[PDB]
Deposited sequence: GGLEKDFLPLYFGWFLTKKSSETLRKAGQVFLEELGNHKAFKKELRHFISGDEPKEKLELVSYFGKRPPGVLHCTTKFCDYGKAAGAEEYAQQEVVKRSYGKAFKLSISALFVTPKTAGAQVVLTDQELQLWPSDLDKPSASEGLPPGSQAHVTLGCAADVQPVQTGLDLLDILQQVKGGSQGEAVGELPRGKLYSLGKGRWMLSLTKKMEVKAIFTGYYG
């Protein structure tokens, strides 16, 4: 009989790295909601809005950077991803993930992950809406979800990041609207915001499979 697959594969941050990022994420949301530029534009996003409340679904376990959602084999391309030599070799192995930005949209809040070439070997080739189908390099939408609005799915986060990076690719980033302690704040319109970190945040994570 066939072995079924994980619910998903990905890099699971260590306890310390997950907590560090979770805290940084929450501080960004607090700082962003307090920011004059954010308060000004509040009409294109949805007394002040507490974004920690707004993103009212948060990952309950450790934070992670998903590679391939498999749904135990039920997802397209799951078996082909899982049988890869590099996935088997990397299973249980520790990696460093670099985070270059934090972002918010009306649907999601996340961290942008900039994968190394080694790590891109674990990035699936068969994603719906791959980076390449928008002229972005593969794995450009790698992320760690920090929170979701109530009616949103965690998947949305990668789509939101791709849309943000499409825009930044058009150079439509705009002058920074603010200088937060850990970087420059950009208003991308339509309720989309990016904090571009002065120093990339490195987190430690283990590549493996989650079954729930």
Which bits of the deposited sequence have no atoms placed for their C-alpha?
1-3, 50-55
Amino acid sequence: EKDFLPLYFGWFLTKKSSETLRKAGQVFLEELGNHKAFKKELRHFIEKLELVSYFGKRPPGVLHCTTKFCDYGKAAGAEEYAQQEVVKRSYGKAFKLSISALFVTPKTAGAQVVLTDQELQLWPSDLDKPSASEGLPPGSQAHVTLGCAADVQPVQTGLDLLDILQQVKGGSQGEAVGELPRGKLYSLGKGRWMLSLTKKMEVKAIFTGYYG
From here on, numbers count along this sequence of modelled residues.
Per the PDB entry, mean CA B-factor is higher for 173-181 or 30-38, namely for 173-181
Going by the entry, of stretches 125-133 and 72-80 the one with greater average Cα B-factor is 125-133
Out of 162, 62, 46, 149, which residue has the highest Cα temperature factor in the PDB record?
46
Among 66, 145, 156, 167 - the residue whose C-alpha B-factor is largest in the record
167
Sorting the chain's modelled residues by C-alpha B-factor and splitting them into thirds places residue 23 in the middle
For the chain shown, is the CA B-factor of residue 139 in the lowest, middle or highest third of its modelled residues?
lowest
Report the third (lowest, middle or highest) to which the CA temperature factor of residue 188 belongs, ranking only the modelled residues of the same chain.
highest
In terms of its chain's C-alpha B-factors, the third that includes residue 4 is the highest
